[PDB]
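Student: Sequence, then structure. It's an experimental one.
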Amino acid sequence: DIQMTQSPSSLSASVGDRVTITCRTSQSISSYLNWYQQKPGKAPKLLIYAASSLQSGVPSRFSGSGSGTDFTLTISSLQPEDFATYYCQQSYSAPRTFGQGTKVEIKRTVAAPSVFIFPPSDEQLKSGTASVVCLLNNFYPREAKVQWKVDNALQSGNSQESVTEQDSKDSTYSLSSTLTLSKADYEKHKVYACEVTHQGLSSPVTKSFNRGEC
Amino acid sequence: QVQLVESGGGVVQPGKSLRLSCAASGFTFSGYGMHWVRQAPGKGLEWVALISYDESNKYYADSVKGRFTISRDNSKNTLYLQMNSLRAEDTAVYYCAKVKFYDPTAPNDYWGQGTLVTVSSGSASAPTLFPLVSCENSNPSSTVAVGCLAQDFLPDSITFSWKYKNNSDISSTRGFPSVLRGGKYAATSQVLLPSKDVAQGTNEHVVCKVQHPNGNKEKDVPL
């Protein structure tokens, strides 16, 4: 299987910027590398085949190059529609392999997340489960680290995150982390803390509540 | 124009089987080879299989070899993918792709919309809504945040909708992707209401609504 390694995983850029995504293969695929663009909820589109041939209709600002093991895609000058995810594919051998993708997001100014903590509804508690929810709003960059501390004890394995797509209006993201415990485990703990550390916070902000104070 | 339309996707338990169809049109279906490429929820593209225009050559990805089976009906201009022994791992959107020209290395120039194939041991169900109210309310902010927690639903096809007590749409809504909580999915929604005195007053609550194939449900979220 020809392993495809794509770099970078994500890149922040503004319209007008020249972008360069790289794709490397574990073995020579001699110029038979294809580049696809994919937007959220839509199917992939063919941009470049045979490492450098442009597909019919693809804008000239797109170009590829490389051979054997190292290939790169260059977008001479990002346009608003070029922000998408890009994949490289090796059609040299079967099975055809794809790169993990490179998300090209809109460069924005740093934004601190508005953190919020919500305790489980009584209705939910009565039914056996407890979902403590922590929502982080309008932050940037995407790199935000939420940590659950039940009675100042680190939680791991019972929390689930979900990051939105880059907001169309402000280029910010929002995250929601959910700590799920059984009603019984919940009741044997008082302080539920959501420690948020983000690149736009001098110090980790923690939002919490004591079971039963609300 | 060249149109490819997949169908046959659905919710199914492990061990079970499913059969996808990809109706081609706008091009000489019989003259090209076709491929099936899947994309797991929130992950990359993964090549599943290919079949030559003359049906002679058919290759599959190692993970599906023996379980899936590709075929085509050049007369009906339809490509098929028989999926047997479905495992949870196969949950993904399946796309059928046409190749650009008669060459083994030809790029997939035209892709279909895709069909969601959700393989879970849980049963398809409509979500169980629960209201999310900020502990002691969001007083130190110009916007009180109330939320809605939709859980234990399957497949992952839910659409949140919010309406004020006076039954009109709420603009300030945040929708978050669904997380897989053991076979079933769970998703959250959030509404930011101006705390500046209009935090409540008359509107004792808001209404959270969710769309789902197995049943649309709603709940009242207290302000």
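Tutor: Everything's here; your move. Numbering: from 1, shown residues only, chains lettered A, B, ... in the order given.

Student: who touches the closest residue to residue B:111 other than its chain neighbours in this structure?
Tutor: Of all residues not flanking residue B:111 in the chain, residue A:43 sits nearest, at 3.9 Å (CB to CB, 6 or more residues apart in numbering or on different chains). (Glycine included, C-beta is placed from N, CA and C.) Applying CB atoms under 8 Å, 6 or more residues apart in numbering or on different chains, we find residue A:43 in contact with B:95, B:111, B:112, B:113, B:114.

Student: Next one: the residue lying closest to the last one once chain neighbours are set aside from residue B:44, what distance?
Tutor: Meaning residue B:114. Using CB to CB, 6+ apart and skipping the chain neighbours, the partner closest in space to residue B:114 is residue B:93 (4.0 Å). Distance, residue B:93 to residue B:44, using CB to CB, to the nearest Å: 12 Å.

Student: so who does the nearest residue to residue A:136 once chain neighbours are set aside touch?
Tutor: Closest residue in space to residue A:136, ignoring its immediate chain neighbours: residue A:113 at 3.9 Å, by CB to CB, 6+ apart. Taking CB under 8 Å, 6+ apart, we find residue A:113 in contact with A:136, A:137, A:138, A:139, A:144, A:174, A:175, A:196, A:198, A:200, A:201.

Student: let's see 10 Å
Tutor: Residue A:113 makes contact with A:135-140, A:144, A:146, A:172-175, A:196-201, A:205, according to CB atoms under 10 Å, 6 or more residues apart in numbering or on different chains.

Student: so how many other residues sit close to residue A:76?
Tutor: 15 (other CB atoms under 10 Å in any protein chain shown).

Student: Touching, residue B:64 and residue B:37? I think so.
Tutor: No. Counting by CB atoms under 10 Å, residue B:64 does not reach residue B:37; the two are 11.6 Å apart.

Student: who touches both of those two?
Tutor: By CB under 10 Å, 6+ apart, residue B:64 and residue B:37 have these common neighbours: B:46, B:47, B:48, B:49.

Student: Of those residues, which are in range of chain A?
Tutor: Residues of these in contact with chain A (CB under 10 Å from any CB of the partner chain): B:46, B:47, B:48, B:49.

Student: tell me which element the first one falls in.
Tutor: This means residue B:46. For residue B:46, the element it lies in under DSSP states H and E is strand B:45-51.

Student: so residue A:88 touches residue A:25, yeah?
Tutor: Yes. In this structure, residue A:88 is within contact of residue A:25 by CB under 10 Å, at 8.7 Å.

Student: who touches residue 149 in this structure?
Tutor: Unless you meant another one, I'm taking chain A. Residue A:149 sits in contact with A:155, A:179, A:191, A:192, A:193, A:194, A:195, A:206, A:208, where contact means CB under 10 Å, 6+ apart.

Student: try chain B instead
Tutor: Residue B:149 neighbours (CB under 10 Å, 6+ apart): A:118, A:120-121, A:124, A:131, A:133, A:176, A:178, B:127-132, B:186-189, B:208, B:219, B:221.

Student: try it again with 8 Å
Tutor: A:121, A:124, A:131, A:133, A:178, B:129, B:130, B:131, B:132, B:186, B:187, B:188.

Student: what about the residue nearest to it when sequence neighbours are not counted, which helix or strand?
Tutor: Leaving aside its sequence neighbours, residue B:149 sits nearest to residue B:130 (CB to CB, 6+ apart; 4.5 Å). According to DSSP H and E, residue B:130 maps onto strand B:128-133.

Student: List the pairing partners of that strand within its sheet, with orientation.
Tutor: Strand pairing for strand B:128-133, using DSSP bridges, gives strand B:143-153 (antiparallel).

Student: just checking, what packs against the helix or strand following the partner strand?
Tutor: Helices and strands here follow DSSP H and E; after strand B:143-153, the next one along the chain is strand B:159-164. Here strand B:159-164 touches strand B:143-153, strand B:173-175, strand B:184-194, strand B:205-211, going by 3 or more CB pairs under 8 Å, 6 or more residues apart in numbering or on different chains; DSSP states H and E.

Student: Tell me which of the ones you listed sits nearest to residue A:214.
Tutor: Counting by CB to CB, residue A:214 lies closest to strand B:143-153 out of the helices and strands packed on strand B:159-164; the figure is 13.2 Å.

Student: quick one on the thing from earlier: any idea how far chain B is from the residue nearest to residue A:136?
Tutor: Noted for residue A:113: a distance of 12 Å to chain B, by CB to the nearest CB, to the nearest Å.

Student: go on, residue A:92?
Tutor: Separation of residue A:92 from chain B (CB to the nearest CB): 6 Å.

Student: circling back: quick one, which of residue B:64 and residue B:37 is more surrounded?
Tutor: Each of residue B:64 and residue B:37 has its neighbours counted (other CB under 10 Å); residue B:37 has more, 27 against 24.

Student: any idea how far residue A:36 is from that one?
Tutor: For residue B:37, the distance to residue A:36 equals 10 Å [CB to CB].

Student: which residues are common contacts for these two?
Tutor: What both residue B:37 and residue A:36 touch, as defined by CB under 8 Å, 6+ apart, is the set A:44, B:45, B:108.

Student: Just put those residues in JSON lines and tack on neighbour count.
Tutor: Formatted as JSON lines, the shared contacts of residue B:37 and residue A:36 follow (neighbours: other CB atoms under 10 Å in any protein chain shown):
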{"residue": "A:44", "neighbour count": "24"}
{"residue": "B:45", "neighbour count": "28"}
{"residue": "B:108", "neighbour count": "28"}
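
Student: Mind putting those residues into a markdown table with distance to residue B:213?
Tutor: As requested, the shared contacts of residue B:37 and residue A:36 are exported to a markdown table (distance: CB to CB, whole Å):
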| residue | distance to residue B:213 |
| --- | --- |
| A:44 | 26 |
| B:45 | 25 |
| B:108 | 30 |
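
Student: if we can go back for a sec, from the chain's centroid, how far away is the strand holding residue B:46?
Tutor: 19 Å (CA atoms, centre = their mean, to the nearest Å).
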